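Engineer: The structure under discussion is supplied below as structure tokens; questions concerning it will follow.
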Protein chains: 2
Amino acid sequence: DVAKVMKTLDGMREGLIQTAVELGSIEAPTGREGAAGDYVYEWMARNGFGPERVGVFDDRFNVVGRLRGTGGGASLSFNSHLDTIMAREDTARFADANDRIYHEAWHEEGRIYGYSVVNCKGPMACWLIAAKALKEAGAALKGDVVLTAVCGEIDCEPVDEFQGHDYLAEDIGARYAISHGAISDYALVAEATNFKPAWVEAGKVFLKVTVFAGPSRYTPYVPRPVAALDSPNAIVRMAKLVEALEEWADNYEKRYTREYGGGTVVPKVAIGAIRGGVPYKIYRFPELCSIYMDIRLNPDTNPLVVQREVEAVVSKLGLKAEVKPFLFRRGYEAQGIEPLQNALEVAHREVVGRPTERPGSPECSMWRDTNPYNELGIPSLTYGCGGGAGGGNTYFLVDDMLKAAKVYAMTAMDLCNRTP
Amino acid sequence: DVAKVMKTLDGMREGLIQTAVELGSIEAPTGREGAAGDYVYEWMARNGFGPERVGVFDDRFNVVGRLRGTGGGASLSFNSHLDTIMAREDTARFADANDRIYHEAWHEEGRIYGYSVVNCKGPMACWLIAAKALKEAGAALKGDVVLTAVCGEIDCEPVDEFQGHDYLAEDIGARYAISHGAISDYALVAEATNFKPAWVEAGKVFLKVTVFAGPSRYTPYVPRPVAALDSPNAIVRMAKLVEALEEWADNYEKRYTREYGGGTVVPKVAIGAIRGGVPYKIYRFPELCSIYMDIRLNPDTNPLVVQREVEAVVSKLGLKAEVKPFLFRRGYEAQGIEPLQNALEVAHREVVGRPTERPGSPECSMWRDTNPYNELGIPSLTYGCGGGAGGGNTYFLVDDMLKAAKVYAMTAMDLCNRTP
Ligand SMILES: Nc1ccc([N+](=O)[O-])cc1C(=O)O
Ligand SMILES: Nc1ccc([N+](=O)[O-])cc1C(=O)O
């Protein structure tokens with residue numbers, strides 16, 4: 001069998017690239033994934049995978065389709081996300097929000113370009129094609145192959161005045177699709193891991209640290225000189241608190257590094273946002289300033305601890321602040337992952353030509369949709385071509401992309417013909 | 001301390017009753033919890049718990065407020081749900097959809113009447129008041145008391161053409177509130193358990209069993225006689241398939257009963273809805289009919305197994321059908337429950353007057369929002385007065401409700417002054 005499907009895949013090298021660019025071209029930042037979902041649904045429908053739209057919202061939804069199998073075999077889920085990182089105008093976070101790389105996809109040489117291709121339509125293109133090859137090559141599987149394309153993968157979260165349809169992400173994402181029928185025995189989340197598989201990822205907790213000072217004064221009355229930490233202007237104390245927290249962050253990752261069978265989890269910290277006062281009434285400095293922190297957790301850390309740590313860092317400075325968490329997610333290590341691990345490995349060795357190696361710590365210390373599957377007892381690991389977008393890589397090598405498709409296919413033929 | 005708060009609660013017995021009826025009277029079936037959330041938000045705000053609205057939709061949201069503590073202590077979460085079971089016009093499921101009991105609440109004697117009070121504003125009223133007592137009695141707590149009132153508790157799930165805002169429930173419910181900041185060291189879910197605490201609850205999986213027959217014929221051409229199982233009318237084969245599944249259902253609970261520390265899980269089965277063809281074009285019998293089954297799971301059952309079981313029940317009749325699951329949730333047993341269990345137990349003995357006993361199997365075999373807390377590592381158990389609405393009880397005794405408020409208060413006083 002395996003030789004039939006392999007030759008078949010070489011048949012669709014063009015189809016592989018096209019699907020990637022066509023998908024890559026669609027503007028699909030988190031919050032506008034609908035357009036891409038429609039493309040995949042049609043693509044899936046067109047190929048007889050009989051898709052369904054699972055979603056909280058009618059313009060933000062997941063697509064679940066499946067390649068039915070003869071019967072009595074393990075079922076494997078293939079997963080990737082619809083949304084992309086950069087919106088068309090994200091001038092807040094990028095110095096150059098207009099680079100072509102951020103919002104398009106193209107074939108400039110035996111490689112494919114576009115942040116929207118690396119994350120994450122390139123991998124999705126791969127298993128979409130791999131499923132096509134099996135069906136068209138009429139391969140024999142006893143188990144179903146489930147094709148899950150999800151939305152809201154990326155870590156956008158509502159906070160404060162940003163609530164609802166536009167800001168939601170992972171709550172309406174893969175975990176929704178699963179809890180509403182996209183279940184299988186094992187699941188392979190396809191993302192760029194550089195052909196290295198990982199069965200651990202990290203949780204996270206988001207803290208909104210607000211520091212209090214005051215009292216506000218009309219600028220002609222502001223009192224100086226005063227020590228930074230005793231400033232009445234909360235932006236100034238925040239300045240100090242930011243630098244203390246930056247050192248805490250430096251140590252946090254070292255202390256909480258944990259090595260797992262699945263990978264080595266090095267959980268980092270970052271201050272994603274800050275805001276105090278409003279730009280259109282600055283005549284009075286603000287009595288409070290806020291920062292938004294992204295703290296990663298290894299699978300074994302309780303977020304309440306981390307809050308208390310950050311609470312402590314604040315107390316050491318004699319500041320008065322409110323540390324409040326507005327997001328908490330858990331990271332998991334796969335249990336019972338072996339069958340999929342093994343199936344993947346044989347395929348990998350056959351195609352790539354060498355054993356799989358330990359993934360880099362960053363690839364095991366982030367959020368990937370393996371956590372929802374593992375959360376619900378569907379053993380999951382992540383594996384794909386290219387290097388991580390957060391790295392960040394900007395292209396894929398079509399040969400690599402073609403290899404990944406073979407591995408996905410072979411993994412399926414292997415695993416799906418084993419009885420659970 | 002404990003006596004100060006106890007005398008205080010007798011101070012607010014009427015407020016206890018008023019709060020329940022006022023809350024019970026609000027029409028708040030799942031899908032319209034908005035009016036009630038607003039009520040609680042203002043109630044919470046009026047009393048200084050500084051509430052916040054956590055929700056996916058602006059008319060369906062959870063309310064989280066908290067009674068701040070001095071510092072360096074464990075924090076305890078109190079939880080109850082806003083929604084009620086029966087909508088004002090639910091003529092589809094109830095023979096008398098107009099009974100006063102289904103949609104209102106009233107104080108007719110030392111007891112309070114109303115399905116909306118038993119499930120679930122009676123308990124919510126209890127701890128809302130308990131929080132009031134502590135604050136008003138200036139009791140000493142080192143840790144926060146978190147007041148979480150949620151929506152989408154009840155098992156309404158979107159399916160088929162019923163998707164979106166109106167049909168969503170627990171996905172936007174408590175698990176949303178927690179994943180977005182309503183975290184504590186421990187959590188107590190207040191519902192009617194008959195003053196027996198349980199820290200295990202059951203999962204569930206929903207299957208849409210669709211059976212195919214045919215071919216369609218205009219009534220004057222329908223062929224008879226034919227055996228039931230060979231009928232062209234898909235409603236007829238379904239009649240046979242329903243009785244097979246009913247016998248499978250009788251056995252399922254016996255085979256899968258499991259005993260846990262938190263309780264004994266007896267997982268039942270039920271066929272909640274059926275529909276084949278449409279009432280406004282009956283001249284042609286339908287080539288397919290569907291039933292929607294609600295299958296509970298003990299925490300250790302894999303939803304994939306139960307599907308194969310039912311797929312089997314179909315295959316044994318030689319029927320061709322499509323068994324597809326459209327909901328899957330997991331049931332959990334609490335881990336690390338001891339501190340709450342004990343804190344609860346001491347209060348119970350003092351107020352109720354005797355040791356606590358094992359809960360009834362139904363109360364451990366359902367869905368309660370303890371599963372979301374436990375899923376995310378917050379040990380949780382459920383305890384409240386009265387007997388379960390699913391039973392279904394139709395009233396609460398004002399005395400028992402007052403006791404339950406005393407227990408909640410005492411639990412908080414104990415637990416919140418322990419350091420984690
Ligand atoms: N899961 C991810 C989420 C976000 C980003 N990013 O760089 O914005 C990358 C990945 C990834 O898979 O590499
Ligand atoms: N959590 C529940 C959900 C539904 C129902 N019901 O009878 O429809 C009852 C309860 C309960 O708590 O007893």
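What is reported rests on the model, the rules as stated and the sources as named; no laboratory instrument gave them. Every residue, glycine among them, receives a Cβ derived from its backbone with ideal geometry; neighbour counts consider all protein chains shown.
Engineer: Could you tell me which residue of segment B:137-166 is farthest from B:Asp369 (Cα to Cα), considering only residues that are within 16 Å of ligand 2 (Cβ to nearest atom) and either within 12 Å of chain A (Cβ to nearest Cβ) or outside any loop (DSSP other than H, G, I, E, B) (or both)?
Structural biologist: This residue is B:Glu157.
Here's the yes/no breakdown for (1) within 14 Å of another protein chain (Cβ to nearest Cβ); (2) among the acidic types (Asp, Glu); (3) within 12 Å of ligand 1 (Cβ to nearest atom); (4) not in a strand (DSSP E or B):
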{"residue": "A:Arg66", "(1), (2), (3), (4)": "yes, no, no, no"}
{"residue": "A:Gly72", "(1), (2), (3), (4)": "yes, no, no, yes"}
{"residue": "A:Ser77", "(1), (2), (3), (4)": "yes, no, no, no"}
{"residue": "A:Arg88", "(1), (2), (3), (4)": "no, no, no, yes"}
{"residue": "A:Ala95", "(1), (2), (3), (4)": "no, no, no, yes"}
{"residue": "A:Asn119", "(1), (2), (3), (4)": "no, no, yes, yes"}
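Engineer: Anything in segment A:107-117 that is within 12 Å of ligand 1 (Cβ to nearest atom) and touching a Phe, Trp or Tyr at 6+ places or on another chain (Cβ under 7 Å)? List them, or say none.
Structural biologist: Selection gives A:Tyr115 alone.
Engineer: Among what's in segment A:255-295 and is part of a strand (DSSP E or B) and among the basic types (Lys, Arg), pick the residue that is nearest to A:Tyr221 (Cα to Cα).
Structural biologist: A:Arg284
Engineer: Hey, can you tell me all the residues within segment A:352-386 that are crowded, with 21+ Cβ neighbours inside 10 Å and within 17 Å of A:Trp127 (Cβ to Cβ)?
Structural biologist: A:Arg368, A:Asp369, A:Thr370, A:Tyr373, A:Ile378, A:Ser380, A:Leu381, A:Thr382, A:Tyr383, A:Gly384, A:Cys385, A:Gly386
Conditions (1) of a type outside the set (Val, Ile, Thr); (2) not in a helix (DSSP H, G or I), marked per residue:
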{"position": "B:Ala182", "(1), (2)": "yes, yes"}
{"position": "B:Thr193", "(1), (2)": "no, yes"}
{"position": "B:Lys196", "(1), (2)": "yes, yes"}
{"position": "B:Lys204", "(1), (2)": "yes, yes"}
{"position": "B:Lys208", "(1), (2)": "yes, yes"}
{"position": "B:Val211", "(1), (2)": "no, yes"}
{"position": "B:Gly214", "(1), (2)": "yes, yes"}
{"position": "B:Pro223", "(1), (2)": "yes, yes"}
{"position": "B:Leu245", "(1), (2)": "yes, no"}
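Engineer: Let me ask you something else. Would you please name the residue that is nearest to A:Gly173 (Cα to Cα), looking only at residues in segment A:335-386 that are touching a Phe, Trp or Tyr at 6+ places or on another chain (Cβ under 6 Å) and of a type in the set (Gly, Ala, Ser)?
Structural biologist: A:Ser380
Engineer: Next up: Between residues in segment B:336-351 that are assigned by CATH to the domain that holds B:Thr370 and residues that are surrounded by 23 or more Cβ atoms within 10 Å (Cβ to Cβ) and of a type in the set (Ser, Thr, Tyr), which pairs lie under 7 Å by C-beta distance while being six or more apart or on different chains?
Structural biologist: The qualifying pairs are B:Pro339/B:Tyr186; B:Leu340/B:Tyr186; B:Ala343/B:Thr411; B:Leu344/B:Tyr383; B:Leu344/B:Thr411; B:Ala347/B:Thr411.
Engineer: Ok, one more. Name the pairs whose Cβ atoms lie under 6 Å apart, with the first residue in segment B:76-103 and without any contact (Cβ under 8 Å) to a residue 12 or more places away in the chain and surrounded by fewer than 22 Cβ atoms within 10 Å (Cβ to Cβ), the second part of a loop (DSSP other than H, G, I, E, B) and among the acidic types (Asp, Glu), and 6 or more positions between them or separate chains?
Structural biologist: That search, which allows pairs on different chains as well, returns B:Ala97/B:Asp90.
Engineer: Do we have A:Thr219 as buried (at least 24 other Cβ atoms within 10 Å of the Cβ), touching a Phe, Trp or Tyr at 6+ places or on another chain (Cβ under 8 Å), among the hydroxyl-bearing types (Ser, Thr, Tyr) and more than 20 Å from A:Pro325 (Cα to Cα) here?
Structural biologist: no
Engineer: Identify the residue in segment B:272-305 that is free of Cβ contacts under 8 Å to residues at least 12 places away in the same chain and over 26 Å from the mean Cα position of the chain (by Cα) and, among all such residues, is surrounded by the most Cβ atoms within 10 Å (Cβ to Cβ).
Structural biologist: Result: B:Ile282.
Matching residues to (1) outside the structural domain of B:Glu287 (by CATH); (2) in contact (Cβ under 8 Å) with a residue 12 or more places away in the chain:
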{"residue": "B:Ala182", "(1), (2)": "yes, yes"}
{"residue": "B:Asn194", "(1), (2)": "yes, yes"}
{"residue": "B:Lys208", "(1), (2)": "no, yes"}
{"residue": "B:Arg237", "(1), (2)": "no, yes"}
{"residue": "B:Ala244", "(1), (2)": "no, yes"}
{"residue": "B:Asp250", "(1), (2)": "no, no"}
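Engineer: Would you say A:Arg60 is assigned to a loop (DSSP other than H, G, I, E, B) and closer than 25 Å to A:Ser179 by Cα?
Structural biologist: Yes.
Engineer: Right, another one. I'd like to verify a number: residues in segment B:167-204 that are within 16 Å of ligand 2 (Cβ to nearest atom) and polar (S, T, N, Q), how many?
Structural biologist: The qualifying residues number 2.
Engineer: Restricting segment B:162-179 to residues that are touching a helix residue (DSSP H, G or I) at 6+ places or on another chain (Cβ under 8 Å) and under 22 Å from A:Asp294 (Cβ atoms), which is surrounded by the fewest Cβ atoms within 10 Å (Cβ to Cβ)?
Structural biologist: So the residue we want is B:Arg175.
Engineer: How many residues does segment A:1-35 hold that are in a loop (DSSP other than H, G, I, E, B) and crowded, with 19+ Cβ neighbours inside 10 Å?
Structural biologist: Count: 6.
Engineer: Here is a follow-up. Can you name the residue in segment A:126-151 that is within 16 Å of ligand 1 (Cβ to nearest atom) and in contact with a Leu (Cβ under 6 Å, 6 or more places away or on another chain) and, of all such residues, is nearest to A:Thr84 (Cα to Cα)?
Structural biologist: A:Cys151
Engineer: Now, a different point. So, of the residues in segment B:180-194 that are in contact with a helix residue (DSSP H, G or I) (Cβ under 9 Å, 6 or more places away or on another chain) and either more than 14 Å from chain A (Cβ to nearest Cβ) or under 15 Å from B:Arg53 (Cβ atoms) (or both), which turns out to be nearest to ligand 1 (Cβ to nearest atom)?
Structural biologist: B:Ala182
Engineer: Being under 15 Å from A:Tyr113 (Cα atoms), away from ligand 2 (no atom under 16 Å from the Cβ) and surrounded by 19 or more Cβ atoms within 10 Å (Cβ to Cβ): is that true of A:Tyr395 here?
Structural biologist: yes
Engineer: If you take the residues of segment B:167-176 that are aliphatic (A, V, I, L, M) and within 11 Å of another protein chain (Cβ to nearest Cβ), which of them is nearest to B:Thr382 (Cα to Cα)?
Structural biologist: Step by step, filter segment B:167-176, then rank; the result is B:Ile172.
Engineer: Could you go through segment B:37-51 and let me know if any residue there is within 14 Å of another protein chain (Cβ to nearest Cβ), outside any strand (DSSP E or B) and of a type in the set (A, V, I, L, M, F, W, C).
Structural biologist: The answer is no, given that none of the residues of segment B:37-51 is within 14 Å of another protein chain (Cβ to nearest Cβ), outside any strand (DSSP E or B) and of a type in the set (A, V, I, L, M, F, W, C).
Engineer: Considering every residue within segment A:364-383, establish whether at least one is away from ligand 1 (no atom under 16 Å from the Cβ), in contact (Cβ under 8 Å) with a residue 40 or more places away in the chain and away from chain B (no Cβ under 14 Å).
Structural biologist: The answer is no, given that none of the residues of segment A:364-383 is away from ligand 1 (no atom under 16 Å from the Cβ), in contact (Cβ under 8 Å) with a residue 40 or more places away in the chain and away from chain B (no Cβ under 14 Å).
Engineer: Name every residue in segment A:300-348 that is within 14 Å of another protein chain (Cβ to nearest Cβ), under 19 Å from A:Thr257 (Cβ atoms) and among the acidic types (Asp, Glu), in order of residue number.
Structural biologist: A:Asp300, A:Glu309
Engineer: Can we say A:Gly173 is free of Cβ contacts under 8 Å to residues at least 40 places away in the same chain, closer than 22 Å to A:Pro372 by Cβ and in the same structural domain as A:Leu376 (by CATH)?
Structural biologist: no
Engineer: Looking for whichever is under 30 Å from A:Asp300 (Cβ atoms) and more than 16 Å from ligand 1 (Cβ to nearest atom) here; the options are B:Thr411, B:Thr394. Which one fits?
Structural biologist: One residue alone meets the criteria, B:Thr411.
Engineer: Taking B:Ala228, is it outside the structural domain of B:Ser77 (by CATH) and more than 38 Å from the chain's Cα centre (by Cα)?
Structural biologist: yes
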